Structure formats: structure tokens, C-alpha cells
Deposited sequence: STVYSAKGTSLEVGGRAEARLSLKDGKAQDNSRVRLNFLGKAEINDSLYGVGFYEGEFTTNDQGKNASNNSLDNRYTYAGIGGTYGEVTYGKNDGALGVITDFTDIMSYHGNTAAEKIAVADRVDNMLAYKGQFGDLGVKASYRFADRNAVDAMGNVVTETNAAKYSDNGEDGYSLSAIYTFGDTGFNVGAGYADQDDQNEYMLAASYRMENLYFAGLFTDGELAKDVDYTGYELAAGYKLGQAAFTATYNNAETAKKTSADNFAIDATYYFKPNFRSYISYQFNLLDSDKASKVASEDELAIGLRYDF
């Protein structure tokens, strides 16, 4: 029953099977998903290595029939090289700000509703991505090229068979972030910045962990388009008791000077094993009459198996 890699010294296969039931106004939606991933690494010498990575996400939307479900999202497709000076990759990979949004994104299902990341800062293709650790300072960066297109003699996009010349879409950008870990103390701070076409943002964050408790704060500010502001605040707390972890978050965002998210959420997660867990979560959506839909609370129940 023995499984081998064709060419590598080794291959790590991972991902999840994650059953998720969402209840809003007593009505049920299946938000379940599978992820499959493949990680290969080639040691070159004891200070240099090559890496390759894929991850896909697979869902269903039957709507009451045994349908054919052709739903795939290639979340990551990259190769890279790393070693003494860090790691650099090309192809769809994470920008710089995810490690900052992680300060307050601690829940099983809810949270992360007021820390919007633009593409170059989040996860996107046609991008070089860098990371490295220098003592207690963790750094990330990315640079994204604008995407080549083909245009007619008037400059409109057409098929390469019938085009006059190449142009591009102006979607270049970059991101940067740093995190300082204060020795063994449990304290971290973080910051980052990103810029792409008419969008820019910065983030600042801090956190503390001590034994069975955790808390953290996050501030996000910038512009999602020309003269369209965005500002967001999140706070987070966590408590561990045996194999159970309980979390709460408060998230608040405004967009174009109007409240766009306002949510307090709490959950309980039970770890039967490190890779098998159940959870239940409730999000109080505190926007007023926002339409009724935009304001509905959410109950979520789940079971998560990690491969």
C-alpha cells in the first residue's frame, strides 16, 4: 500500500475536510469545503533549498438535486528558492499583510470582517514574494507587475491574433510588513503598508499571550478608490481550558464615511485531537436600519478534519 514521489526526496500532502452549517433567520446553507495541498522541497546544500507548492479548494452547490459540481479554486501556484537570506517565490502566493491581519483573525469561522486587504497585500499572481527572519524581526514584502494585454490600433483589448500591439492593465503594486517579537515575553507588535493603482492602506497591531490567555488589537486605514476612504478596527481575546479554546472579537469598519461592518462574535472550539475539532459560533450583527439581509445575525456549526 506504499505511496512514492516520482522525482522528489519527499512530498507532503495536506489540506482539510471541513463541514460547515450556516444558519441565518432559521434558514440553512452548506458552506462546507475541502482543501488539498502538495509541498515539495529540494535541499541543495545546508544553506540553500528549492520549493514547490499547490493548493486547491473544492465545494458543492446542489440546491436540492444530485448535481455535477464543477467548483475549483487554485488558491496557490508557486515555486521559489530560499536559504540564508530568506525565501523568494513567483506565482500566486501571499503578499505582506496577512501576517498582520492574523493578530486579530483568531476565530474558527467569524472575525476578520474589518481588515480588508488589497490584492498585492493579500494573495495574487504575477508577483514576487519575499520573507525572512533577522533576530526578533520578521519581514515580508511583495512586488506585482502589471498584466500584459493585447490591443487594436485604437488601444482596445482584443485577441492576440487580431491585435496591433501589446499594452498592460496598470495593475502593478507592492507591500511590506514587519513584526517584532519581544524575546520570551509574549509581546508582539506589527505594521505594514501596501499600494496598488488607486488603492493604498496601512496597518498597525499588537498582541499579548500568557499561558491560557491571549489578546490583540488591529487598526487599518487607507483608500479603496480615489476619494473613497476605508478605516477599520478589531479587538480580540482568547482563553484555553483543557482541549477547548474560546474566542471573542469586535470588528468595526467604515467605508466612504459610512459604517459598513459592526459585529461582535463569540465561539467555542473543542480539539479532540490536534487535527480534529468541532466548533459553534455566533455573530451579532449590530448595523441598524442597512437592509434586513445586511443586518442578520449568524449561527455557525462545524467539524474540521485536517489531512
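Q: Point out each run of deposited residues with no C-alpha coordinates, keeping the order of the sequence.
A: Sequence range with no C-alpha atoms is 290-291 alone.
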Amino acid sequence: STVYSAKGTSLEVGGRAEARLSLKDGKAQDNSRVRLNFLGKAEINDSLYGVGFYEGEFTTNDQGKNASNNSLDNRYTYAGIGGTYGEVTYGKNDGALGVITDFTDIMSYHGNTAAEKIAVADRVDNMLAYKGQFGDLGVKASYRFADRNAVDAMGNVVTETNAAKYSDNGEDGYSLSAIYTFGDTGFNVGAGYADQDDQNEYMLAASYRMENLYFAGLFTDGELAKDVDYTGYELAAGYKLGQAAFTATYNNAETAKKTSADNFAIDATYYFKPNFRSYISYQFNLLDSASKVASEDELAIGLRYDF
From here on, numbers count along this sequence of modelled residues.
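Q: Pick between 121-129 and 157-165: the one whose mean CA B-factor in the entry is higher.
A: Looking at the recorded C-alpha B-factors, 157-165 comes out higher on average.
Q: Averaging C-alpha B-factors over each stretch, which comes out higher, 74-82 or 148-156?
A: That would be 148-156.
Q: Based on the PDB record, which member of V189, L97, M210, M107 exhibits the highest Cα temperature factor?
A: Answer for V189, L97, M210, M107: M210, with the highest C-alpha B-factor.
Q: Just to confirm, going by the entry's C-alpha B-factors, which of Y174, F134, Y202, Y90 comes out highest?
A: The listed residue with the largest C-alpha B-factor is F134.
Q: Looking at the entry's B-factor column for C-alpha atoms only, identify whether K292 ranks in the lowest, middle or highest third of its chain.
A: As the PDB entry reports it, the C-alpha B-factor of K292 lands in the highest third of its chain.
Q: Quick one: classify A244 as lowest, middle or highest third of the chain based on its Cα B-factor.
A: Highest third of the chain for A244's C-alpha B-factor.
Q: Thinking about Cα B factors across the chain, which third does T101 belong to?
A: As the PDB entry reports it, the C-alpha B-factor of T101 lands in the lowest third of its chain.
Q: With respect to C-alpha B-factor, does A17 fall in the lowest, middle or highest third of the chain as deposited?
A: Lowest third - that is where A17 ends up once the chain's C-alpha B-factors are sorted.
Q: Would you please rank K273 by its C-alpha temperature factor against the other modelled residues of its chain and give the third it falls in: lowest, middle or highest?
A: Tercile = middle for this residue's CA B-factor.
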